[PDB]
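Chains as they are written, first to last, in this note's numbering: chain A, 382 to 498; chain U, 1379 to 1957; chain X, 1379 to 1957.
We treat Cβ as the ideally placed atom computed from N, Cα and C, and that holds for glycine.
Notes for the one structure printed next.
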Amino acid sequence: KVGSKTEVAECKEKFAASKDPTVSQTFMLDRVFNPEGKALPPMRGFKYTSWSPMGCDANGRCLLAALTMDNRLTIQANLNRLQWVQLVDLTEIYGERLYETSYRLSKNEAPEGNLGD
Amino acid sequence: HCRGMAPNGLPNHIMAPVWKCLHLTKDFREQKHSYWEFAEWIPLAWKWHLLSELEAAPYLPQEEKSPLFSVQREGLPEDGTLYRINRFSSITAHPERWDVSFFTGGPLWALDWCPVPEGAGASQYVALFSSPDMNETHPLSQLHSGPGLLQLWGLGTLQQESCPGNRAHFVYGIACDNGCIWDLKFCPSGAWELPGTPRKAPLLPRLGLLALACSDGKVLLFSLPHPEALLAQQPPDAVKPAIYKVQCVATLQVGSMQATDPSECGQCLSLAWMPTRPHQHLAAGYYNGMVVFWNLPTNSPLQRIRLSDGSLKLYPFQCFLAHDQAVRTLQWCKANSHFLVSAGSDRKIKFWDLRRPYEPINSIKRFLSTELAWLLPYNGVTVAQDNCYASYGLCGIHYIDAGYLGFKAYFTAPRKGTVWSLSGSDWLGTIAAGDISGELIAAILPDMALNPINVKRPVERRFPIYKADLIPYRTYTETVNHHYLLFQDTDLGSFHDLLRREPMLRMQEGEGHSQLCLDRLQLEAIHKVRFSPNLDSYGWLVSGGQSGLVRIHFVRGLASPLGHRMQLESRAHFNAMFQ
Amino acid sequence: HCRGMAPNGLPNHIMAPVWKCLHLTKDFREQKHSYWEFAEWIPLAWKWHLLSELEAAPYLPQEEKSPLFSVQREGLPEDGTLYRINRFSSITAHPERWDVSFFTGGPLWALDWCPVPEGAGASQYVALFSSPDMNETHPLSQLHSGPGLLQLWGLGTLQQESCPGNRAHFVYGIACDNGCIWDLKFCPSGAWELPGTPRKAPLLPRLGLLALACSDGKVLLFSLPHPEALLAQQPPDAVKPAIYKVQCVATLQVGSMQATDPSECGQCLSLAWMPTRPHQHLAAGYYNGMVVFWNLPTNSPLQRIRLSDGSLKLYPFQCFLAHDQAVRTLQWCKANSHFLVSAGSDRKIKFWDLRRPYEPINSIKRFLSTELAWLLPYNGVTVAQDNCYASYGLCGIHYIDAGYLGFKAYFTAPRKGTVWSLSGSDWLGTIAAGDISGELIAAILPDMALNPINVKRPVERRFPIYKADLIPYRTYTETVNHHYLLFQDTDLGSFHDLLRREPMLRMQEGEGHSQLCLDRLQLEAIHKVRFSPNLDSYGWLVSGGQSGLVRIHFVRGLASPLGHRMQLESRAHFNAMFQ
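Listed below in structure tokens is the structure:
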């Protein structure tokens, strides 16, 4: 989440259409901006995993932090033996936190930048 | 859209991307090339030891005279003479069409143009490697480390006043004890300086800065002096094929500062300089499937060591395993140097984010890719292929979007044989490609921002530049004693009436219906093609192959008033800046 | 006369003098600067005493926060926020354009760049003085002798990779009890050495030699350490504004041994170091109109005495009555230091031959002038006027030949207000000038070996850098409470379509027609302008004014490949000489 659902689509359209080779390809190649696409292969496989210490779960066990390559960060647990379950998605929550602070961490650290930049 | 016919006879909508590419390339170079880099690495004459004739003889390629050949030029009378030329010698340029053939003594397996800053109007040169023996063929799985020679050939300034009666001159060569050379790449910009630069007698004005990929598995970096500086420094009585033994600027190899355990990587099979100022990184593709990068200015005692001879050894700052097989070709993205494309003999084209090497941006599986080209303005890559896995007649040259736009691959040119080599002219937005069939073609890409499926017919965008034909008249000697090469050259003056002219019909009969040739050497085969990277001479093309002949062509029909004006603008600016 | 358009959009015949000035300045400094001078005058830690918070309080300029301001940048989206910054603090550089703004707590009245040898790649510093009070104003005829703070500001290294996110850092200041400072000049060369130089614990590596023209009638000479060497000696918990009380290397004042009779010379108004190796003479101009010279190395008991604290007092070796009124500005000839120019409030410019001081080479009566610049390659001097005697519409900035070529004065720029300060970039051959209108312009001079009358439209050779406007929102608080500074910045990235871009129309509607405002403090007025003398950062400019804001700009369009070419070759030579 980088902006309103309409404004982000307007910005993507702008940069894809950009006549400058540099801006257009910088946008079109960085999969962070294009996490799923037409001919692009999905990046839902896992980038990284990091176990907690023991004792973190609702049971005695340790939790699993799991980061997909499309930047979905989740915490997973195996509460019954069979099925791992997603306890939370931290990429969702952080996007909301940032959006409600206009992506400024310190309240006057800069002007609100134009997302069309 | 745009309508009508261009003055060269192509439709305006076919030419419009070509004209557009001129401005885009000029603006890119203004932003992201430079006029000087690597000021530390100026050539020193005391490191250029001239080998005597009897010392040089082990390095010289072994064929002393070319195959016999004749050149037919479309619309001229038949000359009918067979030409033959000595090793390190050249025919005179055709007085009207300015093409030149010259002979390098062996089959050419690497070739690049020396880059010159736009507007410099300089003398133009090519560096090339021709294998010692016509009959040698080297297994990829094994290091070689034999003796060989790197050749520098001077083409002149290639102005219209200079081209009639021009000849290529072998200006010097370097004796290389590092096996055969599989790739040559000059530093894209900032290596050249004016030949008249005042430097004290040990220091020679730099022509360029050149990376050699060795079958010995190491990369050698040479800073090249201008020829006039050596010849004035050399004693005048010396033998004229000046073969030097030269200490490198640096040797680039895979390892660590105390790991003697020899690298798995094997042969070094591909190079790519970082396309943008300050060009500080150089990448190489290896037989084991790794891509390796060296940070050439590095001071760090973990990457730079100085050998007792004073040259550097550089160990890489990063490597990653790109392919399951030999990395036969690299291209580095000009528009943003975080991205690189590499193709392997596992016949996947992989696009990489060099910030995130653990997963390619995109893999597209294809036929067995021999060479890539990544033209500046287009998001996708153009792929030459080996035909061994394509369906019969569906092999050829393809353009392949990197994937955001989502277009299907564009079949730009059907080919029967494997295209050994390909190059894209950023100035023209065109590719040229060379075939085991010994045909050289060029093709003009559509504006690849717009969906290629609406390209009504690709054939109107491509034409032949020449085909070599063996005429009877397997070992090399068993061929040359019994055959001569008939080079058939097209009239590149314009593309008027193109598809009704004889060379297009010959090419279209080649497409589909013609058949592979085996049980002979393939002395006909072309192995390298390079469009000129320089704005001066931007319309020139060089190619060569198994014949050890090398041919220089001018595609007069794509050289056009916008580029001629842009040359003159850049000429005036350069003369105003450097004097 | 060289035709065509430069890639920055100026005609080549307009840029060609700028490109020539790089070589001429480099060739001069190789011959007539030096790498080390004044080897005895090196900073000692025991001579630098750190003031506590209670002791520093009298010296700090009294405004704790800037006026509110906003910066608008040509062609960018409007910011619309108002910034305000603490005394001794900086905003962050704009990410595209790298302009930096920092606040000094008072109206800026002296400013100089710390000179650094070519290729050094050092951290770049400016030394400046801002008066204690925004609204107090001092008479010329009286000695002031109050407190004041000399401020040293680090700008970073100003490399391209360093500029995004750069900030100015107040590294230290010297608490002076010698009144306000009317001029600052560093020793032009040989004063700087590497901060890594190994020196015994009492000593500190030397950053520069700085001469202060004090309003109490004497010149003070300081040797400056590199900041890290002080902070290594300083306690770790020390107060973050590092204010020091420092012993002079020497105090320079008019007088004679045992001559108790106090000199009539009054306030010291202007300085010039001897431009050429070994820089052994320093000149000053005085309110009585004398020009006074000190022989800095002098052992002679008639010129040097050592005070009980160990500092020197130096009496002059030569003085002469240059002007019949306060001599406001000096420039000493670089190309041959037998010659000097001065201008005084008798509104004469007088050229001198210091071998023959009894009569000037040439006196030209002109309008009242505030500052002079003598660009190395040109025989004449460019002059900034106080408008009070110029004909309306003819006031501005003039270049004036010293007389042999005999050209008329060249009217480089009309200005409505008084130009307070002027700085010629030797590297660029351009000049920059600050106006009570609050506008900063730059102008390219023609090659003044050639008659200026052919310069048929001088307006194509000048451009604004920025203009400060007061926007509503006789004394500072009443002005600050009701206005803010709108800084409007030019896009210095290129000069394409210059005469149609709004900053030029805004400037051209300023010239000639706009009326000066006298019912306000002049809070927008710019008081000092300084191009960088260093080859590193040669394209950078600093300026400051009545607001006590100080702003840094990179004139990207005048930076050029020859400057890059020369920076890298100088880097290589420097890195070979010092390691």
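Original post:
Would DSSP call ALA1903 of chain X helix, strand or coil?
Top reply: coil
Original post:
Hey, quick one: how far does the alpha helix (DSSP H) through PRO1792 of chain U stretch, first residue to last?
Top reply: Unbroken run through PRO1792 of chain U is the beta strand (DSSP E), 1788 to 1792; no alpha helix (DSSP H).
Subject >> Contact set between the stretch 1449 to 1479 of chain X and chain A, restricted to residues whose Cβ is under 8 Å from the partner >> reply: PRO1455, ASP1457, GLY1458 and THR1459
Original post:
Hey, how far is the Cα of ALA1937 of chain U from the Cα of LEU1919 of chain U?
Top reply: 12 Å
**OP:** Could you pull out every residue in the same chain whose Cβ sits closer than 7 Å to the Cβ of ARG453 of chain A, ignoring the five residues on either side in sequence?
**Re:** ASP470 and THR472
Subject >> Where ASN415 of chain A meets chain U, residues with beta-carbon distance less than 7 Å >> reply: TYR1782
Original post:
According to DSSP, what are the bridge partners of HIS1776 of chain X?
Top reply: X:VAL1761 and X:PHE1789
Subject >> Residue(s) in a DSSP beta bridge with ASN1673 of chain X >> reply: X:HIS1659
**OP:** Find the residues of chain X that neighbour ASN452 of chain A, judging by a C-beta separation of less than 8 Å, and give them in chain order.
**Re:** None at all; the shortest Cβ gap to chain X is about 24 Å.
**OP:** Please check if any C-beta of chain X sits within less than 8 Å of the C-beta of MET1955 of chain U.
**Re:** yes
**OP:** Check each residue of the stretch 1400 to 1414 of chain X: if its Cβ is closer than 7 Å to any Cβ of chain U, include it; give the result in chain order.
**Re:** none
Subject >> Any C-beta of chain U under 8 Å from that of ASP411 of chain A >> reply: yes
**OP:** Identify each residue in the stretch 415 to 444 of chain A for which the Cβ-Cβ distance to at least one residue of chain U is less than 9 Å, and report them in chain order.
**Re:** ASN415, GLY418, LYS419, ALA420, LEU421, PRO422, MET424, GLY426 and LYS428
Subject >> Selected residue, minimal CA-CA separation from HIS1776 of chain U, among U:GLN1703, U:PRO1455, U:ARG1744 and U:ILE1552 >> reply: U:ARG1744
Original post:
How long is the line joining the alpha carbons of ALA1661 of chain X and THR1629 of chain X, rounded to whole angstroms?
Top reply: 13 Å
Subject >> Proximity test, Cβ basis, 8 Å: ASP1875 of chain U and chain A >> reply: no
Original post:
Tell me which same chain residues have a C-beta within less than 7 Å of the C-beta of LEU1598 of chain U, skipping the five on either side of it?
Top reply: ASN1556, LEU1590, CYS1592, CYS1626 and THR1629
**OP:** Could you tell me if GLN1681 of chain U is buried or exposed, where buried requires 16 or more neighbouring beta carbons within 10 angstroms of its beta carbon?
**Re:** buried
Original post:
Going by C-alpha distance, which of U:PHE1671, U:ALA1846 and U:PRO1573 is nearest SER1925 of chain U?
Top reply: U:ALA1846
**OP:** Give the range of the alpha helix (DSSP H) segment to which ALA1650 of chain X is assigned.
**Re:** That residue, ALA1650 of chain X, is in no alpha helix (DSSP H); its beta strand (DSSP E) goes 1646 to 1651.
Original post:
Taking buried to mean at least 16 other C-beta atoms within 10 Å of its own C-beta, is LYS1712 of chain X buried or exposed?
Top reply: buried
Subject >> Assigned exposure category for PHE1698 of chain U - 16 Cβ within 10 Å defines buried >> reply: exposed
Original post:
Secondary structure at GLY476 of chain A, three-state DSSP: helix, strand or coil?
Top reply: helix
Original post:
Using 8 Å as the limit for Cβ to Cβ distance, is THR407 of chain A near chain U?
Top reply: yes
Subject >> Identity of the residue in X:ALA1434, X:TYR1844 and X:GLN1502 nearest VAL1624 of chain X by Cα >> reply: X:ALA1434
**OP:** Using DSSP bridges, identify the partner residues of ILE1849 of chain X.
**Re:** X:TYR1862
Subject >> Partner residues on chain X for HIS1942 of chain U, Cβ-Cβ distance less than 7 Å >> reply: The contacting residues do not exist; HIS1942 of chain U stays about 14 Å from chain X at best.
Subject >> Contacts around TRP1397 of chain X, its chain only, beta-carbon distance under 6 Å, and the 5 residues preceding and following it disregarded >> reply: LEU1940
**OP:** Could you tell me the boundaries of the beta strand (DSSP E) in which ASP1731 of chain X lies?
**Re:** 1726 to 1731
**OP:** Quick one: residues in its chain with C-beta nearer than 8 Å to the C-beta of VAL466 of chain A, no 5 flanking neighbours on either side, listed in chain order?
**Re:** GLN457, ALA458, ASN459 and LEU460
**OP:** Compare the C-beta of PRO402 of chain A with all C-beta atoms of chain X and state if any pair is closer than 8 Å.
**Re:** no
Subject >> Residue range of the alpha helix (DSSP H) that includes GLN1409 of chain U >> reply: 1390 to 1410
Subject >> The beta strand (DSSP E) enclosing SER1741 of chain X, as first and last residue numbers >> reply: 1740 to 1743
Subject >> CA-to-CA distance, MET1955 of chain U to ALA1384 of chain X, given in whole angstroms >> reply: 9 Å
Original post:
What residue does the beta strand (DSSP E) around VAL466 of chain A start on, and which one ends it?
Top reply: 466 to 470
Original post:
Would you say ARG1908 of chain X and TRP1491 of chain X are within 8 Å of each other, going by their C-beta atoms?
Top reply: yes
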